$ cat input29.cif   # mmCIF, N, CA and C atoms and all ligand atoms
data_input
#
loop_
_atom_site.label_atom_id
_atom_site.label_comp_id
_atom_site.auth_asym_id
_atom_site.auth_seq_id
_atom_site.Cartn_x
_atom_site.Cartn_y
_atom_site.Cartn_z
N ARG A 4 103.42 126.42 90.31
CA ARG A 4 104.19 125.11 90.29
C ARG A 4 105.30 125.09 91.32
N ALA A 5 105.32 124.04 92.13
CA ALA A 5 106.25 123.93 93.24
C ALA A 5 107.03 122.61 93.15
N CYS A 6 108.20 122.56 93.77
CA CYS A 6 108.95 121.31 93.86
C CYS A 6 109.48 121.18 95.28
N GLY A 7 109.59 119.95 95.74
CA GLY A 7 110.10 119.74 97.09
C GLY A 7 110.69 118.37 97.27
N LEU A 8 111.11 118.10 98.49
CA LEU A 8 111.71 116.82 98.84
C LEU A 8 110.90 116.21 99.97
N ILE A 9 110.50 114.96 99.76
CA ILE A 9 110.11 114.09 100.88
C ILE A 9 111.39 113.72 101.61
N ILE A 10 111.59 114.37 102.74
CA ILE A 10 112.79 114.19 103.55
C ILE A 10 112.52 113.07 104.58
N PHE A 11 113.48 112.17 104.77
CA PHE A 11 113.35 111.13 105.76
C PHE A 11 114.68 110.92 106.44
N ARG A 12 114.62 110.27 107.59
CA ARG A 12 115.81 109.83 108.27
C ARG A 12 115.61 108.38 108.67
N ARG A 13 116.72 107.65 108.80
CA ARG A 13 116.66 106.25 109.24
C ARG A 13 116.96 106.16 110.73
N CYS A 14 116.24 105.30 111.41
CA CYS A 14 116.32 105.17 112.85
C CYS A 14 116.80 103.74 113.02
N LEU A 15 118.07 103.58 113.33
CA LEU A 15 118.74 102.30 113.18
C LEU A 15 119.07 101.60 114.49
N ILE A 16 118.33 101.92 115.55
CA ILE A 16 118.46 101.21 116.82
C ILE A 16 117.38 100.13 116.90
N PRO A 17 117.78 98.88 116.72
CA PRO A 17 116.86 97.77 116.42
C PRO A 17 115.79 97.42 117.47
N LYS A 18 116.13 97.38 118.75
CA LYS A 18 115.12 97.08 119.77
C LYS A 18 114.20 98.26 120.03
N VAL A 19 114.75 99.45 119.85
CA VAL A 19 114.12 100.71 120.23
C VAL A 19 113.16 101.24 119.17
N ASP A 20 113.69 101.44 117.97
CA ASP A 20 113.02 102.27 116.99
C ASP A 20 111.81 101.56 116.40
N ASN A 21 110.62 102.09 116.69
CA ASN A 21 109.38 101.56 116.15
C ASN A 21 109.35 101.63 114.62
N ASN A 22 109.91 102.71 114.06
CA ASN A 22 109.90 102.98 112.62
C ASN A 22 111.32 103.13 112.11
N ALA A 23 111.76 102.25 111.22
CA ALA A 23 113.11 102.41 110.67
C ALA A 23 113.25 103.68 109.81
N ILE A 24 112.12 104.21 109.34
CA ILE A 24 112.06 105.40 108.49
C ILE A 24 111.11 106.44 109.12
N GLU A 25 111.57 107.68 109.29
CA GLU A 25 110.68 108.76 109.75
C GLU A 25 110.69 109.88 108.72
N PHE A 26 109.52 110.48 108.45
CA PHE A 26 109.40 111.56 107.48
C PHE A 26 109.29 112.92 108.16
N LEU A 27 109.94 113.94 107.56
CA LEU A 27 109.85 115.31 108.07
C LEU A 27 108.64 116.03 107.49
N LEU A 28 107.76 116.53 108.35
CA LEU A 28 106.64 117.35 107.92
C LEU A 28 106.72 118.72 108.58
N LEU A 29 106.38 119.77 107.82
CA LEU A 29 106.40 121.16 108.33
C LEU A 29 104.97 121.67 108.40
N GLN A 30 104.64 122.43 109.45
CA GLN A 30 103.28 122.93 109.60
C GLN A 30 103.22 124.37 109.16
N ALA A 31 102.32 124.68 108.23
CA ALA A 31 102.18 126.06 107.73
C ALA A 31 101.88 127.06 108.87
N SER A 32 102.44 128.26 108.71
CA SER A 32 102.20 129.35 109.65
C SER A 32 100.79 129.89 109.54
N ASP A 33 100.23 129.85 108.33
CA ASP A 33 98.96 130.51 108.04
C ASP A 33 97.81 129.52 107.81
N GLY A 34 96.72 130.02 107.22
CA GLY A 34 95.61 129.18 106.77
C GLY A 34 95.24 128.09 107.74
N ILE A 35 94.97 126.90 107.20
CA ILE A 35 94.59 125.72 108.00
C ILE A 35 95.73 125.23 108.92
N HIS A 36 96.96 125.66 108.65
CA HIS A 36 98.15 125.05 109.28
C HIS A 36 98.30 123.62 108.80
N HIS A 37 98.30 123.45 107.48
CA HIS A 37 98.57 122.16 106.84
C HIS A 37 99.95 121.68 107.16
N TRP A 38 100.16 120.36 107.02
CA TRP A 38 101.46 119.73 107.20
C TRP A 38 101.96 119.16 105.89
N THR A 39 103.13 119.61 105.42
CA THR A 39 103.71 119.00 104.20
C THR A 39 105.22 118.88 104.30
N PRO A 40 105.82 118.08 103.40
CA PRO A 40 107.27 118.13 103.30
C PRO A 40 107.68 119.49 102.73
N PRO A 41 108.96 119.86 102.86
CA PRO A 41 109.52 121.12 102.35
C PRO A 41 109.30 121.22 100.82
N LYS A 42 108.79 122.37 100.37
CA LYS A 42 108.56 122.61 98.95
C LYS A 42 108.55 124.12 98.70
N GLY A 43 108.75 124.54 97.43
CA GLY A 43 108.77 125.98 97.05
C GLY A 43 108.53 126.14 95.55
N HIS A 44 108.14 127.35 95.13
CA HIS A 44 107.79 127.63 93.72
C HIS A 44 109.00 127.63 92.85
N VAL A 45 108.85 127.21 91.61
CA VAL A 45 109.96 127.21 90.65
C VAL A 45 110.42 128.65 90.29
N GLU A 46 111.64 128.77 89.77
CA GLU A 46 112.16 130.04 89.28
C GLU A 46 112.45 129.91 87.80
N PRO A 47 112.35 131.04 87.04
CA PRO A 47 112.71 130.99 85.62
C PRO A 47 114.13 130.42 85.40
N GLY A 48 114.24 129.48 84.48
CA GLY A 48 115.50 128.82 84.18
C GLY A 48 115.98 127.79 85.20
N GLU A 49 115.31 127.69 86.36
CA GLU A 49 115.71 126.70 87.38
C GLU A 49 115.20 125.30 87.04
N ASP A 50 116.09 124.33 87.15
CA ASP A 50 115.74 122.90 87.03
C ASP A 50 114.81 122.49 88.21
N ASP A 51 113.81 121.64 87.96
CA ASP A 51 112.84 121.25 89.00
C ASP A 51 113.53 120.64 90.23
N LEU A 52 114.51 119.79 90.01
CA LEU A 52 115.22 119.23 91.14
C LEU A 52 116.05 120.27 91.91
N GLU A 53 116.65 121.25 91.22
CA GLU A 53 117.34 122.32 91.94
C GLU A 53 116.35 123.18 92.76
N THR A 54 115.17 123.43 92.23
CA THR A 54 114.12 124.10 93.02
C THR A 54 113.82 123.31 94.33
N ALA A 55 113.66 121.99 94.24
CA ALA A 55 113.35 121.17 95.43
C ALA A 55 114.48 121.32 96.48
N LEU A 56 115.74 121.27 96.02
CA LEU A 56 116.91 121.41 96.92
C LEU A 56 116.95 122.78 97.53
N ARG A 57 116.72 123.79 96.70
CA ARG A 57 116.69 125.16 97.18
C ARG A 57 115.54 125.38 98.18
N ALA A 58 114.35 124.86 97.86
CA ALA A 58 113.21 125.09 98.74
C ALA A 58 113.43 124.38 100.09
N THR A 59 114.06 123.21 100.05
CA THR A 59 114.38 122.49 101.30
C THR A 59 115.33 123.30 102.21
N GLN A 60 116.33 123.92 101.59
CA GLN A 60 117.24 124.82 102.30
C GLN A 60 116.46 126.00 102.88
N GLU A 61 115.59 126.60 102.07
CA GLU A 61 114.84 127.78 102.51
C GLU A 61 113.82 127.45 103.59
N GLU A 62 113.08 126.36 103.43
CA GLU A 62 111.94 126.08 104.31
C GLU A 62 112.34 125.33 105.58
N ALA A 63 113.37 124.48 105.48
CA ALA A 63 113.76 123.57 106.58
C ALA A 63 115.19 123.79 107.10
N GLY A 64 115.94 124.67 106.45
CA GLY A 64 117.31 124.92 106.82
C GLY A 64 118.27 123.76 106.53
N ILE A 65 117.88 122.82 105.67
CA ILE A 65 118.75 121.68 105.33
C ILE A 65 119.49 121.94 104.03
N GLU A 66 120.82 122.03 104.15
CA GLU A 66 121.72 122.32 103.03
C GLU A 66 122.01 121.08 102.23
N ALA A 67 122.50 121.29 101.01
CA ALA A 67 122.73 120.17 100.09
C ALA A 67 123.74 119.15 100.67
N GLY A 68 124.71 119.65 101.44
CA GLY A 68 125.71 118.79 102.10
C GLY A 68 125.14 117.84 103.15
N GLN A 69 123.91 118.11 103.59
CA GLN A 69 123.27 117.34 104.66
C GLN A 69 122.24 116.32 104.13
N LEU A 70 122.10 116.21 102.82
CA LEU A 70 121.05 115.42 102.19
C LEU A 70 121.65 114.49 101.18
N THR A 71 120.97 113.38 100.92
CA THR A 71 121.26 112.62 99.70
C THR A 71 119.96 112.36 98.95
N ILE A 72 119.86 112.82 97.70
CA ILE A 72 118.77 112.49 96.78
C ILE A 72 118.77 110.99 96.45
N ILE A 73 117.61 110.35 96.58
CA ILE A 73 117.49 108.92 96.31
C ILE A 73 116.97 108.76 94.87
N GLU A 74 117.79 108.20 93.99
CA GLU A 74 117.42 108.20 92.58
C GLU A 74 116.34 107.16 92.33
N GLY A 75 115.43 107.45 91.43
CA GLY A 75 114.45 106.45 91.02
C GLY A 75 113.04 106.75 91.48
N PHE A 76 112.90 107.78 92.31
CA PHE A 76 111.60 108.15 92.78
C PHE A 76 111.29 109.60 92.46
N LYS A 77 110.12 109.81 91.92
CA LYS A 77 109.61 111.13 91.69
C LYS A 77 108.11 110.99 91.71
N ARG A 78 107.42 111.96 92.28
CA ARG A 78 105.98 111.93 92.32
C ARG A 78 105.40 113.35 92.11
N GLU A 79 104.55 113.47 91.11
CA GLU A 79 103.88 114.72 90.84
C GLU A 79 102.46 114.68 91.37
N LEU A 80 102.12 115.68 92.16
CA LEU A 80 100.79 115.85 92.70
C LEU A 80 100.06 116.99 92.02
N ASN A 81 98.80 116.76 91.70
CA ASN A 81 97.91 117.77 91.14
C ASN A 81 96.65 117.76 91.94
N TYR A 82 96.33 118.91 92.50
CA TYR A 82 95.14 119.03 93.31
C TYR A 82 94.60 120.45 93.31
N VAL A 83 93.37 120.56 93.78
CA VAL A 83 92.70 121.84 93.92
C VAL A 83 92.63 122.17 95.42
N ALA A 84 93.21 123.30 95.82
CA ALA A 84 93.09 123.81 97.19
C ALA A 84 92.52 125.23 97.17
N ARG A 85 91.44 125.45 97.94
CA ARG A 85 90.75 126.76 97.99
C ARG A 85 90.34 127.20 96.58
N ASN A 86 89.81 126.26 95.81
CA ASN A 86 89.45 126.45 94.39
C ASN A 86 90.54 126.96 93.43
N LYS A 87 91.81 126.75 93.79
CA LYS A 87 92.95 127.06 92.92
C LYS A 87 93.73 125.78 92.57
N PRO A 88 94.12 125.64 91.30
CA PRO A 88 94.89 124.47 90.86
C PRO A 88 96.29 124.46 91.46
N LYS A 89 96.73 123.30 91.92
CA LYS A 89 98.07 123.16 92.49
C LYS A 89 98.85 122.00 91.89
N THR A 90 100.11 122.25 91.55
CA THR A 90 101.00 121.18 91.12
C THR A 90 102.28 121.18 91.95
N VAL A 91 102.66 120.01 92.46
CA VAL A 91 103.89 119.89 93.23
C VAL A 91 104.64 118.64 92.83
N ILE A 92 105.93 118.78 92.60
CA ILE A 92 106.77 117.61 92.31
C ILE A 92 107.68 117.30 93.47
N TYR A 93 107.68 116.06 93.94
CA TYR A 93 108.57 115.68 95.02
C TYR A 93 109.57 114.62 94.57
N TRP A 94 110.82 114.76 95.07
CA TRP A 94 111.81 113.72 95.09
C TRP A 94 111.97 113.25 96.50
N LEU A 95 112.72 112.16 96.70
CA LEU A 95 113.02 111.63 98.03
C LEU A 95 114.45 111.99 98.35
N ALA A 96 114.71 112.33 99.60
CA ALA A 96 116.07 112.62 100.04
C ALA A 96 116.24 112.20 101.48
N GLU A 97 117.38 111.58 101.77
CA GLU A 97 117.71 111.15 103.11
C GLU A 97 118.62 112.17 103.75
N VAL A 98 118.35 112.52 105.01
CA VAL A 98 119.31 113.35 105.77
C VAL A 98 120.52 112.51 106.23
N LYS A 99 121.70 113.11 106.17
CA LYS A 99 122.95 112.49 106.62
C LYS A 99 122.91 112.17 108.12
N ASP A 100 122.44 113.13 108.91
CA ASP A 100 122.50 113.02 110.38
C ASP A 100 121.09 113.04 110.93
N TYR A 101 120.77 112.06 111.76
CA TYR A 101 119.50 112.00 112.51
C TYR A 101 119.17 113.33 113.19
N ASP A 102 120.20 114.01 113.70
CA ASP A 102 120.03 115.20 114.52
C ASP A 102 120.18 116.50 113.68
N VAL A 103 120.09 116.40 112.35
CA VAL A 103 120.23 117.58 111.49
C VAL A 103 119.38 118.71 112.07
N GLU A 104 119.95 119.91 112.12
CA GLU A 104 119.22 121.06 112.64
C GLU A 104 118.14 121.56 111.69
N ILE A 105 116.89 121.58 112.16
CA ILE A 105 115.79 122.06 111.32
C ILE A 105 115.59 123.55 111.64
N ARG A 106 115.72 124.42 110.64
CA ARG A 106 115.59 125.85 110.87
C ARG A 106 114.44 126.33 110.01
N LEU A 107 113.35 126.74 110.65
CA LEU A 107 112.18 127.13 109.91
C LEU A 107 112.26 128.61 109.53
N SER A 108 111.58 128.98 108.46
CA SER A 108 111.33 130.37 108.14
C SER A 108 109.92 130.74 108.65
N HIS A 109 109.54 131.99 108.42
CA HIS A 109 108.21 132.52 108.77
C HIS A 109 107.06 131.76 108.12
N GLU A 110 107.34 130.97 107.07
CA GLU A 110 106.28 130.23 106.39
C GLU A 110 105.76 129.06 107.23
N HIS A 111 106.57 128.58 108.18
CA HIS A 111 106.19 127.40 108.99
C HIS A 111 106.42 127.58 110.45
N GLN A 112 105.56 126.98 111.27
CA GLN A 112 105.64 127.25 112.70
C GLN A 112 106.06 126.04 113.53
N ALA A 113 106.12 124.87 112.92
CA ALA A 113 106.55 123.69 113.67
C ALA A 113 107.00 122.60 112.70
N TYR A 114 107.72 121.59 113.21
CA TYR A 114 108.01 120.40 112.40
C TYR A 114 107.83 119.14 113.26
N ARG A 115 107.60 118.01 112.59
CA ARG A 115 107.59 116.68 113.20
C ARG A 115 108.33 115.72 112.29
N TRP A 116 109.01 114.77 112.93
CA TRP A 116 109.56 113.56 112.31
C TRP A 116 108.65 112.42 112.68
N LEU A 117 108.04 111.78 111.67
CA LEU A 117 107.01 110.77 111.95
C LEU A 117 107.16 109.51 111.14
N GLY A 118 106.81 108.39 111.76
CA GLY A 118 106.62 107.13 111.04
C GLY A 118 105.53 107.29 109.99
N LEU A 119 105.56 106.39 108.99
CA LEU A 119 104.66 106.49 107.83
C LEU A 119 103.21 106.68 108.24
N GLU A 120 102.70 105.80 109.13
CA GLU A 120 101.29 105.87 109.46
C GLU A 120 100.91 107.22 110.08
N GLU A 121 101.68 107.67 111.07
CA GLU A 121 101.42 108.98 111.70
C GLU A 121 101.67 110.14 110.74
N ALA A 122 102.68 110.02 109.87
CA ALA A 122 102.87 111.06 108.83
C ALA A 122 101.63 111.21 107.93
N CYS A 123 101.07 110.08 107.50
CA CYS A 123 99.84 110.07 106.71
C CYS A 123 98.67 110.74 107.40
N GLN A 124 98.46 110.36 108.66
CA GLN A 124 97.38 110.98 109.44
C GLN A 124 97.57 112.50 109.56
N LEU A 125 98.79 112.97 109.82
CA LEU A 125 99.01 114.44 109.93
C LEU A 125 98.88 115.13 108.61
N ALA A 126 99.45 114.54 107.56
CA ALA A 126 99.40 115.15 106.23
C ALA A 126 97.94 115.30 105.79
N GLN A 127 97.13 114.31 106.17
CA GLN A 127 95.66 114.28 105.95
C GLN A 127 95.22 114.11 104.49
N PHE A 128 95.62 115.06 103.64
CA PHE A 128 95.21 115.07 102.24
C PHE A 128 95.62 113.79 101.46
N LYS A 129 94.69 113.24 100.67
CA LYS A 129 94.89 111.92 100.06
C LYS A 129 96.07 111.79 99.06
N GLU A 130 96.34 112.81 98.26
CA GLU A 130 97.47 112.79 97.33
C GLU A 130 98.84 112.75 98.07
N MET A 131 98.91 113.44 99.21
CA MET A 131 100.13 113.52 100.00
C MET A 131 100.31 112.21 100.77
N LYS A 132 99.22 111.67 101.30
CA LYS A 132 99.25 110.34 101.93
C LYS A 132 99.75 109.30 100.91
N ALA A 133 99.18 109.32 99.72
CA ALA A 133 99.63 108.40 98.65
C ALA A 133 101.12 108.58 98.36
N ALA A 134 101.59 109.82 98.26
CA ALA A 134 102.97 110.06 97.88
C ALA A 134 103.93 109.56 98.97
N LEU A 135 103.56 109.74 100.25
CA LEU A 135 104.41 109.25 101.33
C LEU A 135 104.44 107.73 101.38
N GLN A 136 103.28 107.11 101.19
CA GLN A 136 103.18 105.66 101.15
C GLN A 136 103.98 105.08 100.01
N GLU A 137 103.88 105.71 98.84
CA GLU A 137 104.63 105.29 97.67
C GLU A 137 106.14 105.47 97.86
N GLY A 138 106.53 106.57 98.50
CA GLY A 138 107.95 106.81 98.83
C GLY A 138 108.49 105.73 99.77
N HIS A 139 107.73 105.42 100.81
CA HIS A 139 108.10 104.34 101.74
C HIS A 139 108.24 103.00 101.04
N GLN A 140 107.29 102.69 100.18
CA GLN A 140 107.33 101.45 99.39
C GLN A 140 108.56 101.36 98.49
N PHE A 141 108.87 102.46 97.81
CA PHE A 141 110.10 102.54 97.01
C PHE A 141 111.39 102.29 97.83
N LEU A 142 111.50 102.95 98.99
CA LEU A 142 112.66 102.76 99.87
C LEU A 142 112.84 101.29 100.32
N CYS A 143 111.75 100.65 100.70
CA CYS A 143 111.79 99.22 101.04
C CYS A 143 112.22 98.33 99.86
N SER A 144 111.73 98.63 98.66
CA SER A 144 112.07 97.83 97.50
C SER A 144 113.55 97.96 97.15
N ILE A 145 114.06 99.19 97.22
CA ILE A 145 115.48 99.46 97.03
C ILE A 145 116.36 98.70 98.06
N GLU A 146 116.05 98.82 99.35
CA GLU A 146 116.75 98.05 100.39
C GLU A 146 116.77 96.56 100.08
N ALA A 147 115.63 95.99 99.67
CA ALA A 147 115.56 94.57 99.33
C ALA A 147 116.56 94.20 98.22
N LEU A 148 116.59 94.97 97.14
CA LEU A 148 117.49 94.70 96.01
C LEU A 148 118.98 94.77 96.40
N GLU A 149 119.34 95.73 97.25
CA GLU A 149 120.71 95.85 97.73
C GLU A 149 121.04 94.78 98.77
N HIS A 150 120.04 94.32 99.52
CA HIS A 150 120.17 93.28 100.55
C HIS A 150 120.73 91.98 100.00
MG MG A 201 119.44 124.86 88.38
#
$ encode --input "input29.cif" --output "structure tokens" --more "lines below"
Ligand SMILES: [Mg+2]
Amino acid sequence: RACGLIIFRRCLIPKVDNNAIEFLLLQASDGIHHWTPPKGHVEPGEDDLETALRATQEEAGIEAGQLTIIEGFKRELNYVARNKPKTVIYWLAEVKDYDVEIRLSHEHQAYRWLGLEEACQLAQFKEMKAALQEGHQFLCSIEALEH
């Protein structure tokens, strides 16, 4: 069981930015070299949301001071990879600074910041595509209500 954060940043230059929202994806060092948001396994006694924050720090080098958790969104994924059952819980979190320093560990070899459509294509897997699309939809609905 793993928990993570769908990390995004806002791109607020109106004529320029094709995508007002970009998602952070990390590419695995091993295996297929899958692309996912930052995530990590739970620890005994650890709250699921604290695991997601901790795993984001460990996998992407993003500290709690550099993020804001967006309340109201949570998505649990259940899938089979290499004939093993997998469960992952994601929350949404916005980075404070567009230029936040991404520091990878040995578990990942690259990162991309991508618009929703390109993030979906890289993520590839259908549950992860759904979760990113649903996260994007939630962010737009929230903006509308505050607007
Ligand atoms: Mg805790």
$ residues_near_point --input "input29.cif" --point "(109.6, 116.4, 109.1)" --cutoff "6 Å" --atoms "all atoms listed in the file" --output "MDAnalysis selection string"
chainID A and resid 26:29 114:117
$ residues_near_ligand --input "input29.cif" --ligand "ligand MG 201 (chain A)" --cutoff "8 Å" --atoms "only C-alpha atoms and all ligand atoms" --output "MDAnalysis selection string"
chainID A and resid 48:54
$ atom_distance --input "input29.cif" --atom1 "atom N of residue 98 in chain A" --atom2 "atom C of residue 84 in chain A"
29.8 Å
$ residues_around --input "input29.cif" --residues "residue 78 in chain A" --least-positions-apart "2" --cutoff "6 Å" --atoms "all atoms listed in the file" --output "list in words"
residues 76, 80, 91, 92, 93 and 94 of chain A
$ select_by_dssp --input "input29.cif" --residues "chain A" --states "strand (DSSP E or B)" --output "PyMOL selection string"
chain A and resi 5-13+24-31+38-39+42-44+70-84+87-98+111-117
$ atom_distance --input "input29.cif" --atom1 "CA of residue 141 in chain A" --atom2 "CA of residue 88 in chain A"
27.4 Å
$ select_by_dssp --input "input29.cif" --residues "chain A" --states "alpha helix (DSSP H)" --output "PyMOL selection string"
chain A and resi 51-63+119-126+129-149
$ atom_distance --input "input29.cif" --atom1 "atom N of residue 108 in chain A" --atom2 "CA of residue 134 in chain A"
23.3 Å
$ closest_residue --input "input29.cif" --among "A:32, A:59, A:100, A:65" --to "residue 13 in chain A" --atoms "all atoms listed in the file"
A:100
$ residues_around --input "input29.cif" --residues "residue 42 in chain A" --least-positions-apart "4" --cutoff "8 Å" --atoms "all atoms listed in the file" --output "short mmCIF file (atom, residue, chain, number, x, y, z; two decimals) with N, CA and C atoms, keeping the file's coordinate frame"
data_model
loop_
_atom_site.label_atom_id
_atom_site.label_comp_id
_atom_site.auth_asym_id
_atom_site.auth_seq_id
_atom_site.Cartn_x
_atom_site.Cartn_y
_atom_site.Cartn_z
N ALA A 5 105.32 124.04 92.13
CA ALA A 5 106.25 123.93 93.24
C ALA A 5 107.03 122.61 93.15
N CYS A 6 108.20 122.56 93.77
CA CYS A 6 108.95 121.31 93.86
C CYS A 6 109.48 121.18 95.28
N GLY A 7 109.59 119.95 95.74
CA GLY A 7 110.10 119.74 97.09
C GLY A 7 110.69 118.37 97.27
N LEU A 8 111.11 118.10 98.49
CA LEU A 8 111.71 116.82 98.84
C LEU A 8 110.90 116.21 99.97
N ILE A 9 110.50 114.96 99.76
CA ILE A 9 110.11 114.09 100.88
C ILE A 9 111.39 113.72 101.61
N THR A 54 115.17 123.43 92.23
CA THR A 54 114.12 124.10 93.02
C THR A 54 113.82 123.31 94.33
N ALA A 55 113.66 121.99 94.24
CA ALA A 55 113.35 121.17 95.43
C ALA A 55 114.48 121.32 96.48
N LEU A 56 115.74 121.27 96.02
CA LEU A 56 116.91 121.41 96.92
C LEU A 56 116.95 122.78 97.53
N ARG A 57 116.72 123.79 96.70
CA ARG A 57 116.69 125.16 97.18
C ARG A 57 115.54 125.38 98.18
N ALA A 58 114.35 124.86 97.86
CA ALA A 58 113.21 125.09 98.74
C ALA A 58 113.43 124.38 100.09
N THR A 59 114.06 123.21 100.05
CA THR A 59 114.38 122.49 101.30
C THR A 59 115.33 123.30 102.21
N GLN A 60 116.33 123.92 101.59
CA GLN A 60 117.24 124.82 102.30
C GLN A 60 116.46 126.00 102.88
N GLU A 61 115.59 126.60 102.07
CA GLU A 61 114.84 127.78 102.51
C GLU A 61 113.82 127.45 103.59
N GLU A 62 113.08 126.36 103.43
CA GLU A 62 111.94 126.08 104.31
C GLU A 62 112.34 125.33 105.58
N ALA A 63 113.37 124.48 105.48
CA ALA A 63 113.76 123.57 106.58
C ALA A 63 115.19 123.79 107.10
N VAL A 91 102.66 120.01 92.46
CA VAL A 91 103.89 119.89 93.23
C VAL A 91 104.64 118.64 92.83
N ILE A 92 105.93 118.78 92.60
CA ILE A 92 106.77 117.61 92.31
C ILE A 92 107.68 117.30 93.47
N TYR A 93 107.68 116.06 93.94
CA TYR A 93 108.57 115.68 95.02
C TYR A 93 109.57 114.62 94.57
#
